[PDB]
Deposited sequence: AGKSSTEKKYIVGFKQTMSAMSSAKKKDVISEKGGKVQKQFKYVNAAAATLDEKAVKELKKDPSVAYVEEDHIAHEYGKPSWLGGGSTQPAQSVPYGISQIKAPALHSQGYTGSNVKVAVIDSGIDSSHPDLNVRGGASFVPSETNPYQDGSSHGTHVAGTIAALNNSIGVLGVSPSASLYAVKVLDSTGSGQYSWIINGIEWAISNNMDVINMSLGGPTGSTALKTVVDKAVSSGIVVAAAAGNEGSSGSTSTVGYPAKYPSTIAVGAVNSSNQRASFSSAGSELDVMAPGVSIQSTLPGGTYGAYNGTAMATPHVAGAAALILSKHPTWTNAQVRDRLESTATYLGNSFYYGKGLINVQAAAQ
């Protein structure tokens, strides 16, 4: 009978006590697996009939199903002296490297499937896991977070690839299992961890097709606390004038990132809509993969870290710029590429953004 939910509580005041919130859910034979820190809500398991009675309880604002998100990136092509994947030059990160700016002391949370900390071309500084039976964030079960982390911060050294912001402080925030999928509640926990740990930048190369009140809250909270939040638009293509952008990219607080190829063409699979903000390379993106290798993937998942790393570049040159200034620079120096339904403000140009 039981399904997975998020139970949102009316704002002030009760509800705000921890114990009371347990009760409202207990006394409908519900079970609570987590009360969020920044969202006035709890992740709960519930059956059919408790729901209708929860919805009736005057202290409850909503009951929504705890949704599924997934990584927006796929394998495309699968020792070596260091090369620079094209995307990095496309967004003009090298110009920042040449002024000595590479993202140092910038804290970036990779909210994904984990990051392979043993990879020689990555440096992971910390993290946590919110996937209940896959508790080590340094074991990237699906290989996706490792690839995303390489675009952001692959070491500038003698091997493999180079990240947009190669000296950025990388954090693995595991919220997708082996299968490349996560409950919305695990993602929320991931984001909450990033807030409490003072990340400067959040990267989410993942998404789901359904909205969530608790999800909006927490992404809004992160941005409100001064964190730059980049989210992949999704890979669902177009569909007339209907927006196909995924959540949380769909929320205006996040920078929604779509995919262009090396010719600056909107990629095929690249979700479109008015919630699109900027574009970045997501076709044939070379990066780090677990077990010490490299490989190319396609996805708005691979475009997003370009933006996340760009933000880290900008912050390493301009440490007093807040997320709003970084976001503004990125969007308002972007390179116009066509209709904003399709391209947003266009291709990010970290060189121009960082002037």
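According to the record, the deposited residues with no C-alpha atom in the structure span 1-5, 84-88.
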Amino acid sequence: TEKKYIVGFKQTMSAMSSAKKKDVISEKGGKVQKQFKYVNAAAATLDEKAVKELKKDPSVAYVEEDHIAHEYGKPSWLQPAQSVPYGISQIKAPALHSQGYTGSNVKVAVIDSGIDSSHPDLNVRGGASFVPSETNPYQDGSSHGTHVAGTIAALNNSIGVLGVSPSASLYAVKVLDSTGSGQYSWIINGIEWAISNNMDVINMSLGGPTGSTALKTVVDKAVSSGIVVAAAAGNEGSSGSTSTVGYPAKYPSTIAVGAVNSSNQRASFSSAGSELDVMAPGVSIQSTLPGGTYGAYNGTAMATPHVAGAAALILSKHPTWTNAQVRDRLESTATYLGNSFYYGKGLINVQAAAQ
From here on, numbers count along this sequence of modelled residues.
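Mean CA B-factor, 218-226 versus 257-265: the higher value falls on 257-265. The stretch with the higher mean CA B factor, choosing between 194-202 and 96-104, is 96-104. In this structure the maximum Cα B-factor among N323, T288, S59, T304 is found at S59.
In the PDB entry, the Cα temperature factor peaks, among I314, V39, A50, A69, at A50. In the PDB entry, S243 places in the highest third of its chain by CA B-factor. When all modelled residues of the chain are sorted by CA temperature factor, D177 is found within the middle third. Ranked by C-alpha B-factor against the other modelled residues of its chain, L78 falls in the highest third. Per-chain ranking of the deposited C-alpha B factor places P319 in the middle third. Annotation for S165: CA B-factor lies in the lowest third of the chain's modelled residues.
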